[PDB]
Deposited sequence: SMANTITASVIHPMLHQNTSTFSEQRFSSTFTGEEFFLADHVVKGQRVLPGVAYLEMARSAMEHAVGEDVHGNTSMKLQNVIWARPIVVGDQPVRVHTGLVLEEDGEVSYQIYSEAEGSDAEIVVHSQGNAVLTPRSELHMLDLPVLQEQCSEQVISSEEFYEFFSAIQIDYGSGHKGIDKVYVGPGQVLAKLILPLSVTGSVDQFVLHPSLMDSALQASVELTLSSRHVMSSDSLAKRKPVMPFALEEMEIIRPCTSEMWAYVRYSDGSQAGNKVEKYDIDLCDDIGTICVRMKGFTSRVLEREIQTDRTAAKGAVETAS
C-alpha cells in the first residue's frame, strides 16, 4: 500500500494496517542508533498519516489537511536479523477525532502487545499558505555555519550513524534562537519520492537540525503537526524555540517548519520535545 504501510488487516474490532520491516528498507539501513537497527520517530508519523488517508473512503469534495496532535514515542523498534511485523491501529471518536497507536507483537509471545507510538489525528481545512522569508532568515542566521560532513560527523561521535539515505541535510545556518538548514533528497532515493508524502529522508533531516542546541537524542512528544503539501519539493527546514521557555539537556521544545524552494510551508511542527536515550 505504502512503503511503511504494507497491507490492511482490519476486522470488526479494529481498523488496522500491518507492516513488516525486514531491514532492507532505506529508512531501515541508513539510520543506525546505539549500534542497533532502529526505525526513526519520523517514520511513525507517515504511518499514522497514510493510515488515516486509507481509513477514509470515497468522499465528495471536502477538506484535506491532516493534523496530527499529541504524538508520543515509547519504545523504538529494533530490527535484529528477524523480520518484525508492526500494526497501526485506528479508533474513530464519537466527536470526530481519530486516536491511533503503532504497536507490534513479539515473536516470543504473540499474546502480548507493545506500544511504540501513540497520538491523535484530526482532519482540518487548510489555513493560509504561510510563507517564510527565505532571504531575511539567513540574515539573522549568519552567526555560525556548519557543513554537511561536519554535521553528520558530529553525530557519529554520539554513535548515530546516518547512512546514504538519511544524508539529506546540507548547509546549516545558525542565528540567535534560530536555526536554518538547507536539505536535499539523496541520490540513492531519487526514484523513491512519489511513494511518500512525508519523505523520511528530508523530515528526519529536519529533526536532525533541532538537536543543534548543543547522548543520543530521541523524539519524545510532539503536540501538533500540520501537513499541507507533499514533503518532496521542500528542501528548506527552519527550527526555532516554542514560546515555552523550556530549555535543557533532557527536555527541549521546538517549532520546526519545512518549506519549498519558494518557501511554501508544507509541514509545520509545534511543541516538539526531544529526550535523551537511556
(message) Lining up the deposited sequence with the coordinates, I want the ranges that have no C-alpha atoms.
(response) 1-10, 225-239, 304-321
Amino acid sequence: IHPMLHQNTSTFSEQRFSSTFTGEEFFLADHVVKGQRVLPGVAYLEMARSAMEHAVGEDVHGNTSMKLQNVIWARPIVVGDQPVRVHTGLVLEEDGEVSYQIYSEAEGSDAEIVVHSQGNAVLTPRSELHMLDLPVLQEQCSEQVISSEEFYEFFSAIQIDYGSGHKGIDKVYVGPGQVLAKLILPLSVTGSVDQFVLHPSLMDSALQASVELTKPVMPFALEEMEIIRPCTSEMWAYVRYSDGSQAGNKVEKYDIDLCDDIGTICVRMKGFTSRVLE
From here on, numbers count along this sequence of modelled residues.
(request) With reference to the PDB entry, specify whether the mean Cα temperature factor is higher for 269-277 or for 4-12. (result) 269-277
(request) Compare the mean C-alpha B-factor of 35-43 with that of 58-66 as given in the PDB entry, and name the stretch with the higher value. (result) 58-66
(message) Highest recorded C-alpha temperature factor, please, choosing from 147, 127, 88, 99.
(response) 147
(message) Among 117, 192, 120, 205, where is the Cα B factor highest in this entry?
(response) 192
(request) Please place residue 231 in the lowest, middle or highest third of its chain by C-alpha B factor as given in the entry. (result) middle
(message) Using only modelled residues of the chain, where does the Cα B factor of residue 223 rank: lowest third, middle third or highest third?
(response) lowest
(message) Which third, lowest, middle or highest, does the C-alpha temperature factor of residue 49 belong to within its own chain?
(response) lowest
(request) Please place residue 255 in the lowest, middle or highest third of its chain by C-alpha B factor as given in the entry. (result) lowest
(message) Using the temperature factors of the C-alpha atoms in this entry, rank residue 151 within its chain: lowest, middle or highest third.
(response) highest
